[PDB]
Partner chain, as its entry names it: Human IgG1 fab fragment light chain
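What follows is a single chain, given as structure tokens, in the form solved without its partner chain.
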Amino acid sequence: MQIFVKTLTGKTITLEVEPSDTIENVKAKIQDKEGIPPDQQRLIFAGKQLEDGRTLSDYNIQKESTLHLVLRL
């Protein structure tokens, strides 16, 4: 399925993922696409910070859902 990842500046990447994808895998895909080190990525969905070892299905992320990307400064 396809999800969106949108930074606080509106910069958006589209990712092909499976519900079984771990958050760390999502972070690695983001680094590949935009080059942001995973350690800097805070991924947010439904008011929650996503943790590396969980899956997208653990957070009930849906087709075309938007994850928000906040960078650690």
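Numbering follows the first chain given and starts at 1.
Quick check: 44-52 versus 31-39, which has the larger average CA B-factor in the record?
Averaging CA B-factors over each stretch, the winner is 31-39.
State which stretch shows the higher mean Cα B factor in the entry: 60-68 or 13-21.
Averaging CA B-factors over each stretch, the winner is 13-21.
Omitted here: the form solved in complex with its partner chain. The next part is about that form.
Though the partner is not shown here, which residues of 34-59 have a heavy atom within 4.5 Å of its partner chain in the bound PDB entry?
Sequence-ordered list: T55, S57, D58.
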